[PDB]
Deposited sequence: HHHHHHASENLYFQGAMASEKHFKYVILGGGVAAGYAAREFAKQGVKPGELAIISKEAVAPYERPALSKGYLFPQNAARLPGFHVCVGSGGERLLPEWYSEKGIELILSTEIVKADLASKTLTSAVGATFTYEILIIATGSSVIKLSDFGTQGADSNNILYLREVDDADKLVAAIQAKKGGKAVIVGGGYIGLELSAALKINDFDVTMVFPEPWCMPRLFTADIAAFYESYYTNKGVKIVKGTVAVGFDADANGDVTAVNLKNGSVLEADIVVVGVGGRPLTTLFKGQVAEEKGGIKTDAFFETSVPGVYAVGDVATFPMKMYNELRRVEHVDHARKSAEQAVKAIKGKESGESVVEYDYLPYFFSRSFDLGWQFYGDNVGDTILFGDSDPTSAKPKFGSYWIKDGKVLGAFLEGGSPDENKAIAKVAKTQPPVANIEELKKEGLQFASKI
């Protein structure tokens, strides 16, 4: 049995950034452990669908450990022991007793905390969860964690010049379709929605990304779903059967059909809401000295006066810091400012990349060009509700331009021929 004042449960983005803030706020050797089922120190998960997958000059660990991702220092394993932070790796926690402030591994081992941070992130939805016929075949791969990414790199090696099917039109599908395409696959994307990223992209924005993908050789199948997979004698996938009756041959299938907060260790013991562990503006759960951060938290969103959950890296980094800042700033009394999150989301693929700040509500306008034959494409969109601008999106922006639209989203300036001098409106705020 081991005892620590501070236990982080999860070896991910929030955990790494929590650790860095622990060290900034003067934590003393032996006081803090991070417990993780992964076999490596925390890292910048976004790299797994991008740089990790390049055919040359690829991100590899220890390169992308936190906090490089945001311009910070790179925390390698030796950083942690050097500071007496305990990296407890290859360790799945299967039982969590908030009552005893006690955690039990899979090996039966036992761990106590005074102060717990919950950063167990999100699961991957698998087609096997649904009982889909043949979803258990080989080379049907998911991508959450670096071992998944190493399995994806090996199948890419073994199957080059073959056929890839990407099941899903969210973030994963977008990036993984591009990455497979860059690694010399014939790629088809499959998804049921009217157009990709429908939770963020308008019809206009989606049509751009769809033409560009089409122009790059990616085939897109919409309005349907994978209802099953054929396999060969060895059990390797050979095709994807669709609900519309077509069959798509395949050597690799990559599925990105969403994620859920990894909260099962705590069902009952903590107030939940919108799928996540409910928290206040400091990331403390219903249970005193128990914190929840990153993808798992539902927390108050001051600036839209609402409870929200978000599944995004910027937020994992900051909520981790917030919680650490709220712990130490009650240890020594004083006071801490509440979390004030400006939503910030982004993605990159091929030569493209975009940013979104704010809330995607009310009516939209596009601006800039816009043309799928480049170059380099530079357009955006403003979301206007109640006269004010509420959200903005920008593809191919410079840093000045990106600070600009962020400043707009934060300030919510009012109104209207915005479509003439559109990017320009953001710079005059």
Legend entry - Sequence order list of spans that the model leaves without C-alpha positions, deposited numbering: 1-19, 435-437
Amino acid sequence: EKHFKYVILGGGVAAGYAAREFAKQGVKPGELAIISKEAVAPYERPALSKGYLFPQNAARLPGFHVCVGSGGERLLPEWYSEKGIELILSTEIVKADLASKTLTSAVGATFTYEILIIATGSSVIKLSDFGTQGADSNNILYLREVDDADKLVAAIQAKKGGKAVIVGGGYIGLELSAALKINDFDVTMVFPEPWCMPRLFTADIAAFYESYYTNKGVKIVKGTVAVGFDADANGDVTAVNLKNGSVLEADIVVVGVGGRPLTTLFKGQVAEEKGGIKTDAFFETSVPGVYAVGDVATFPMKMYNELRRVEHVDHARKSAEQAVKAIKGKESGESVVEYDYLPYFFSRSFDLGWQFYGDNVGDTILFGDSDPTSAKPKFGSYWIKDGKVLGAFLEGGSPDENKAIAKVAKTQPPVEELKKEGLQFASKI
From here on, numbers count along this sequence of modelled residues.
Inset, instruction - Quick one: say whether 250-258 or 270-278 has the higher mean Cα B-factor in the deposited entry. - result: 270-278
Inset, instruction - Please work out which of 40-48 and 361-369 has the higher mean CA B-factor as recorded in the PDB entry. - result: 361-369
Inset, instruction - Can you pull the Cα B-factors for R348, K222, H315, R199 from the entry and say which is highest? - result: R199
Inset, instruction - Specify which of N215, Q355, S137, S286 carries the largest Cα B factor in the deposited PDB entry. - result: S286
Inset, instruction - Among all modelled residues of this chain, ranked by Cα B factor, put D340 in the bottom, middle or top third, i.e. lowest, middle or highest. - result: highest
Legend entry - Ranked C-alpha temperature factor of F191 among modelled chain residues, by third: middle
Legend entry - CA B-factor ranking of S105, expressed as a third of its chain: highest
Inset, instruction - Would you please rank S374 by its C-alpha temperature factor against the other modelled residues of its chain and give the third it falls in: lowest, middle or highest? - result: highest
Inset, instruction - Rank-wise, by C-alpha B-factor, drop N183 into the lowest, middle or highest third of its chain. - result: lowest
